[PDB]
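All remarks here apply to the structure that follows.
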């Protein structure tokens, strides 16, 4: 399913952005 | 159950990006 | 009403990323 | 339609992330 | 179609975010 891939990649993007925020602060 | 999840995740992404912008500013 | 919100949020993300790019310079 | 706008905005997001990576290097 | 291009661009976004995370730490 192509739609599920987008969601499962966006969750990883959210995790990576949280990591970026924590590394920045 | 898919595009609503996408919208929710993108709202989280926008919040995180705004946090990044305000951290880079100071 | 479904993908219109997606486009709106993508637009916000693009603006925020451009702001980050400018602020890094 | 609006789906093509999502792809265009994602192209710009990739470009802006490339700019961020270049500015971090 | 267009959805498969969105998935490819998200994969690129994940890779670039991994690069940013590695650079930060």
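No value in this document is a laboratory result; all are computed from the given coordinates. Every residue, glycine as well, gets a Cβ built from its backbone with ideal geometry; the counts of neighbours run over all protein chains shown.
Rounded to the nearest angstrom and ordered from largest down, what semi-axes does the equivalent ellipsoid of the protein assembly as shown get from its C-alpha gyration tensor (root of 5λ)? If you can, show how the numbers build up before the last one.
On the way: eigenvalues 109, 41, 40 Å².
So the equivalent ellipsoid measures 23, 14, 14 Å along its semi-axes.
Please order D:21, A:7 by the number of other Cβ within 10 Å, starting at the fewest. Mind showing how you got there, number by number?
Values: D:21 15, A:7 19.
Listing D:21, A:7 from fewest to most nearby Cβ atoms yields D:21, A:7.
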Taking each residue in B:15-26, count the Cβ atoms of any other chain within 10 Å of its Cβ, then average. What number comes out?
5
Calculated FRET efficiency, residue A:25 and residue E:15, Cβ-Cβ r, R0 25 Å, to nearest 0.05?
0.55
